[PDB]
Amino acid sequence: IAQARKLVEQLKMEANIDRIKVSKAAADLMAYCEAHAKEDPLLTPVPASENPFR
Amino acid sequence: XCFXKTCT
Amino acid sequence: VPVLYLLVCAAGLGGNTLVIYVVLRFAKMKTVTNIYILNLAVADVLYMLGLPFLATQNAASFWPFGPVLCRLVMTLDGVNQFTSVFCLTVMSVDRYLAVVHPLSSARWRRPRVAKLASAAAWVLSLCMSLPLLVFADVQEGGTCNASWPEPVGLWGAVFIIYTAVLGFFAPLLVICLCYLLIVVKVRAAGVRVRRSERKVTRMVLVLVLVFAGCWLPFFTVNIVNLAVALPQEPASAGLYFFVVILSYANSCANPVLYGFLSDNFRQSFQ
Amino acid sequence: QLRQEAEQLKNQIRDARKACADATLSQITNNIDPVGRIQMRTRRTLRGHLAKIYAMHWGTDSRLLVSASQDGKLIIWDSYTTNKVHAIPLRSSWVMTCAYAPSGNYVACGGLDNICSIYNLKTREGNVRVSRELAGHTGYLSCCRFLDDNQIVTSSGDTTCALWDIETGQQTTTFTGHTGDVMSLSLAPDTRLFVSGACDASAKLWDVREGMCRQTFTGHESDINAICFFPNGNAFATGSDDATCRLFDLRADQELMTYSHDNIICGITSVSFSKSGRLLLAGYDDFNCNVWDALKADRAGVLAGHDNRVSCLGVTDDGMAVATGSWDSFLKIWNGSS
Amino acid sequence: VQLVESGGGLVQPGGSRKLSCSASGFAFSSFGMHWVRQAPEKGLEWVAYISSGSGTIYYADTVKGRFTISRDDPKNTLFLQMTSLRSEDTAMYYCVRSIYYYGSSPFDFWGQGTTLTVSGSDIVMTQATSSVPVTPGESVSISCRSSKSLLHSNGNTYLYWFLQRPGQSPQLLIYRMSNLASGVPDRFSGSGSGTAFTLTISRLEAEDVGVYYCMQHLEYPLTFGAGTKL
Amino acid sequence: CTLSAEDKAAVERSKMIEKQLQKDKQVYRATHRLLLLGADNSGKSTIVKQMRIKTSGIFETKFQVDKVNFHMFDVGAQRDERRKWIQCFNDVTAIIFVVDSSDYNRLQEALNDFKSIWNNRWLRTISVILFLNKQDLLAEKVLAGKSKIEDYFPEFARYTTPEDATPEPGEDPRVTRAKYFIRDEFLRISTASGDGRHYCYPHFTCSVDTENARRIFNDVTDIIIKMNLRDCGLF
């Protein structure tokens, strides 16, 4: 009897969060990826002189 | 007569 | 005559190439066992090139070319063949140590050791074949054969005996005891605890029989000839031809047995 | 009676999610330029272990690292010069996890025995010695991560997690609710939230101070092994045994993309991200590692071969090096620059 | 962590003597040793060295052929032998320890000495004496110079400082020109350049009075400066 | 070279550190490991205690025969499922399995468990050794009445007389010879799925018996011998 009561309480607690549309969310990743493209060594090779691992 | 291999 | 000579080369050429090109791509060299098979194939394939020149020199025709090539072909022909006996000999001791003394021989199983052994083995063949060029040149007068620079009576007997002693006997003595000890050992372990001992006996018997049969005749023929002179008659040349043709089947028997009858090589062959 | 109410509530919850599917993210990125091919090369190799290896970790300074083996030994290496610093024996052989402290003063490890232990390095006398032991669990451990100096989190095969305090060595909070074995967990940039997954093919979210769950996901249909976060902190990805990977969001609360190919049949073991989040990496059982495009969902390279199974991966903070391990007792490092 | 030595006495020209030292309280096998001596009214001098594994030995020019050193691990004891003494060997001796690895601090400890009676690069500093009030606002600084560049391609610079008080052994303050010891207060500060170095002290207190020294550790032949009063 | 004075000290330190590992490996390569399994009904604990002469999770035991060291392990508190942690034993020497032949009603579960263990993806190259126990109760119940096997396991009535190779190590009535039937029901399953990569060894045991240690040694030696022949490539 207690298990069902606990499940009902959990379900009641879960159901009151705010939401947004996916169209808005889709742009944040694009902006973040565009912002930090100039300091990615793996994406853009670097001159041999400054490589510690040469 | 012969000496070695295939001489004869 | 030439038809017989074509077939041996045609059969021999491809077998070594198959295994030698398979080894590099799939069975990368990372263990001691994989090194001696490398040298064996190279030795056999390099030896297999000899017959056509001798075919040209007796196939109803006599020696073209001059002295420049006579004293170049013979040296390599002689040097090539001797490596095989030592290459075969080493593996027996290797496998004996691999099964009779596991822990006590851990030091000598490191990869570095095999390279030194191969390099050392590769030298004595050149070290021993020099007399064939330095003491007496290959005088082309005798149809590219050899004629001694000093009284033949003494040196002719010296050459054959000293070559034959090292060529045949000692490795035959070496191999047998090593191959016997493993079979001696197996039974005691087997008894105390069906299918295996039969296979072991079969394998060992087959590899000893082939090895001995592929090579027995030639030295006996040469010794008998040295003991007493032979008459002049067409059967004499036929005897020599038959005695010589047989020797080349060993290089075609060798690659298949050691190569394709092992389970691990078969599994890695895919 | 109660079953009907539960079904009603489940249907009511399901109803809302249909309206949020405003658009498909595939259409809004078809015009983006591709990335291209990538090649990398090996730089250094490290020998030494007598047996298979399980786990490894990086340091904050990006120069030091630690590795573990199932032969009962730990080694610390210098990356630039390839020199060994310290070696420590153990009392137990079955070990699975290790971690590094942020300040570089403390280290911990664990194994089948339900204890994640700690060690000290700095003393007037020159020797490494043990400090404390924590017990109380009834199942084999999976991971114990540090966080701050005086706090630590741990997970166990049994479906519960707890928090500890080193000074008094007693627990303070416990989390329950799962019905299957727990495998992995990951922390967030700001240390207030974390996630974990279990064999029930479901995930959850937790709060540290409060101690109550908030959200759940159920996508996969098979076992789940790996999970990782995104630099922004609002997204994460998971891997499964059925040879599939999926992505999720926290504010939208629904899946976005899937990556798969028809030629692969084996599973996945590890996953990690890069600094800018444009690239994704994963390993497989078949002795191979692959790389993926996070925005276009296309493969773009391979990382050669190994002689046995591959286990672990890691990226440094500055993003200039990456290392890999396997069961063949050897380690390698890649730079990949031209 | 304590160290004690014994020996000394009175000898006549053409004699021989031996010295010994004992240690306790730490792992002995992981540390090297060194020797140092001092004159009645002069500076310090370096003598010898021995490594942990007994694989390297080094000597000075003046005593290259006469003096010998040995180690014994199981007994945790050290020995030194001398022969063919001369009139210019009246000095007091000291012992030091060292260890090396990434981020390590070589010199940390010093001990006492015993008395005996018989009957490359240059480093430069001046300003032998100076006046100092006791007011807290008072601040002082010192300088020194060298004759060669100490910078290496790696990027590290080697320079050290020491302080001595009446009737007591010296002590270590700073290493590698930018690092402070564990227990030293934070008032002290230091800086330098390619061939010029400086020290600064603020918020003076009574205990600070003492004498100071410096040393270089680039090429094995080691040299010391003469200290300055305050 | 361009090295400074201080680096050579670190190089020497690493060189000195490197040595101990070879001796450690040399010591390591001279030991064997075994794994043990069974059920509650079996006398596993009794066997362990006789052979010797809170939430630990694992237990260990040691013994020596003919100046040879052997190690044995057992598991403690764990949940029912065995799917996940089984992987760790990929490279162990051999496994041991114990069974109660007296009880008739609970025989099918043992067969099911044996079939389950035999065909797992991670154990294709590991052999198994099998022991049977508690013969005295079997004999006593067979001599008396009020029990029969035909009720539980049909086809025993058409079963033949004991095979021609069955020996007679003791003077007992022919009815007592029912052990061979059970021995053939397990070997039947083990017969198939084999292609020479793993083998099985059955044995009989009695209550509180002795000379149990000698038995494992011969099988261990034979198994060790068999591997080297494949290693070289001569078999």
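Here, each number is a calculation from the coordinates, and none is a lab measurement. Quick reminder, even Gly has a Cβ in these numbers, built from the backbone with ideal geometry, and neighbours come from all protein chains shown.
Annotations for the structure displayed:
- Evaluated with a Cβ-only charge set (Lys, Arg +1; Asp, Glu -1), the protein assembly as shown carries a dipole of roughly 1600 debye about its Cα centre, given to the nearest 20.
- FRET efficiency estimate (nearest 0.05) - Cβ-Cβ, E:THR223 to F:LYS19, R0 35 angstrom: 0.45
- D:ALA68 long-range amide H proximity, modeled H, under 5 Å: D:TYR54, D:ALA55
- With R₀ set to 51 Å, the beta-carbon distance separating C:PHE135 from C:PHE269 gives a calculated FRET efficiency near 0.60.
- Under 5 Å from the amide H of E:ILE142 lie the amide H atoms of E:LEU199, each residue being 5 or more positions distant or on a separate chain, with H modelled from the backbone and absent for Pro and chain starts.
- Listed residues F:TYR199, F:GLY170, F:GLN20: farthest to the positive end of the dipole of chain F (Cβ charges): F:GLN20
- For the pair C:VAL204 and C:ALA235, label points projected 7 Å from Cα toward Cβ lie 4.2 nm apart.
- For the residues of C:126-134, the average number of beta carbons from a partner chain within 10 Å of their own beta carbon is 0.
- Spatially, the range D:21-77 and the range D:133-203 are offset by 24 Å when compared through their Cα centroids.
- Using C-alpha pairs below 8 Å separated by at least 6 residues, the relative contact order for the range C:87-187 is 37 percent.
- Most positive-pole-ward Cα, E:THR77, E:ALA181, E:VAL209, against dipole of the range E:77-230 from beta carbon charges: E:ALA181
- D by Stokes-Einstein for chain A, Kirkwood Rh over Cα pairs, 37 °C, 0.692 mPa s: 198 µm²/s.
- Cross-linked pairs C:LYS30/F:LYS15; A:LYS38/D:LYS122; A:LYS24/D:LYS296; F:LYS19/F:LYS54: Cα-Cα separations exceed 30 Å for A:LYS38/D:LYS122; F:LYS19/F:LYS54.
- Summed residue charge, Cβ within 13 Å of D:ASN288's Cβ, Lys/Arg positive, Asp/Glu negative: -1
- Amide N of the range F:25-58 lying under 14 Å from the label point, which is placed 7 angstrom from the Cα of F:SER147 along Cα→Cβ: none
- Net +/- balance of residues flanking D:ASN225 in space, Cβ distance below 15 Å, scoring K and R +1, D and E -1: -3
- On Cα atoms only, tilt of A:2-14 relative to the major axis of chain A in degrees: 50 degrees
- Between D:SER92 and C:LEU103, the distance separating the two model label sites (each 7 Å from Cα on the Cα→Cβ line) works out to 3.0 nm.
- Distance between the range F:91-136 and the range E:105-167 - C-alpha centres, whole angstrom: 78 Å
- The DSSP beta bridges internal to chain F are antiparallel in roughly 30% of cases.
- Calculated over the protein assembly as shown: convex hull of Cα atoms, volume per residue (Å³): 346 Å³
- Between F:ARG174 and A:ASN51, the simple spin-label model (points 7 angstrom out along Cα→Cβ) gives 8.6 nm.
- Between the range F:189-235 and the range E:5-74, the alpha-carbon centres lie 65 Å apart.
- Taking every residue in A:16-26 and counting other chain Cβ atoms within 10 Å of its Cβ, the average works out to 6.
- Around C:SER251: net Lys/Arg minus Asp/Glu count, Cβ-Cβ under 14 Å: -2
- Sites C:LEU46 and D:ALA304 - FRET efficiency at Förster radius 56 Å, r taken between beta-carbons, to 0.05: 0.95
- Backbone phi angles across the range D:253-263, fed through the Karplus curve with coefficients 6.51, -1.76 and 1.60 (θ = phi - 60°), yield HN-Hα couplings of 6, 6, 6, 10, 9, 9, 10, 6, 9, 7, 8 Hz in residue order; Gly and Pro are listed as x.
- Counts of other chain beta carbons within 10 angstrom of each beta carbon in peptide D:249-262 average 2.
- Label zone at E:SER70 (point 7 Å along Cα-to-Cβ), backbone N below 19 Å, the range E:21-58: E:21-23, E:33-35, E:48-58
- Put simply, when F:11-17, D:61-67 are sorted by average Cβ atoms within 10 angstrom per residue, most first, you get D:61-67, F:11-17.
- Within the protein assembly as shown, antiparallel bridges make up roughly 90 percent of the DSSP beta bridges whose residues both belong there.
- Loop sites in the range E:1-103: trypsin sites (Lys or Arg not before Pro), DSSP, at most 15 other Cβ within 10 Å: E:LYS42, E:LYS64, E:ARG66, E:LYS75, E:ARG86
- Of the chymotrypsin sites (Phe, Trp or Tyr not before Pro) found in the range C:1-46, the ones in coil according to DSSP and having at most 16 other Cβ atoms within 10 Å of their Cβ are C:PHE26.
- Charge dipole (debye, nearest 20) of the range E:128-230; +1 at Cβ of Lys and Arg, -1 at Cβ of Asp and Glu: 220 debye
- Amide proton proximity set for D:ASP165, modelled H, under 5 Å, gap of 5+: D:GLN170
- For the range D:179-214, backbone nitrogen atoms closer than 16 Å to the point 7 Å from A:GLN3 Cα along Cα-to-C-beta are found at D:179-180.
- Fraction of beta bridges assigned by DSSP in the range F:1-140 that are antiparallel (%, nearest 5): 35 percent
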